[PDB]
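Single chain ahead, written as C-alpha cells, the form deposited in one PDB entry.
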C-alpha cells in the first residue's frame, strides 16, 4: 500500500531537513536543497512493505494560493512547528489547521514539534527570553494537538535524529 504524507508548516521550521534526515539518514547541515520536492521510503512496520510518499511544501505567505494544489489524494498530514519558535506554534491554530481542514476535512493530522535539540540550548533560551518568550513544552504541544484534533503529538530533532523514525512510523499508523 502506497501512502501520501504532506508536510506543512512555517518557513524555517525544519521541514526539508526533517524529510532529508529521515530518507537519507543524514542531517543536510548548511546546504539544504532549495527545490521543493517529494521523497519516498519503503518501510514495513509490523506487516508487509509500504511505500511512503513524502511531500514537502513551500510554507511562505507567497505560496498560500498554490500550496493546496499538492493536497489532493493525501492520506495523512504532518503539521510542523519549531519547538523553539512560538510564532510557528501559534500558526498551527492560526494558519495550518484551518487551511488543512478547508481542503481536507477528514484527513488525519499528526502535530510535529521540530528542533527538540534546541529546547535545552542556553543560547536559544536566552534569545527567546529577551523577546519575553519561552520554548514550547510537551504539555503545550499536546494541548494544541488535542485542540486541533490531531491523532497524535510528536517531538523530534532532524539534527540528532531523535524521535524521527517515530514521526513517519505514526504517519503510517494514522493510515492503515
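We call the rigid core whatever largest set of C-alpha positions still superposes within 1.5 Å between the two forms. Positions refer to the first chain, counted from 1. Shifts are known only where both forms have a C-alpha.
There is another form of this protein, the form solved in complex with a partner chain, and it is not shown here; the text below is about that form.
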| item | value |
| --- | --- |
| 4.5 angstroms heavy atom contact with the partner chain in the bound PDB entry for residue 70 | yes |
| Contact of residue 122 with the partner chain in the bound PDB entry (heavy atom, 4.5 Å) | no |
| Close approach of residue 63 to the partner chain in the bound PDB entry, 4.5 Å, heavy atom | yes |
| 4.5 Å heavy atom contact, residue 150 and the partner chain in the bound PDB entry | no |
| Heavy atom of each of 113, 117 and 141 within 4.5 Å of the partner chain in the bound PDB entry | no |
| Did residue 139 shift 2 Å or more between the shown form and the other one, C-alpha, core superposed | no |
| Core-superposed comparison between the shown form and the other one, residue 35 Cα displacement 2 Å or beyond | yes |
| Residue 51: Cα shift of 2 Å or greater between the shown form and the other one (core-aligned) | no |
| Distance trend in the bound PDB entry - C-alpha atoms of residue 60 and residue 134, change of 3 Å or more | farther |
| Comparison of CA distance in the bound PDB entry with shown form for residue 21, residue 36, at least 3 Å | closer |
| Mobile segments between the shown form and the other one [3+ consecutive residues, each C-alpha shifted 2 angstroms or more, core superposed] | 29 to 37, 58 to 62 |
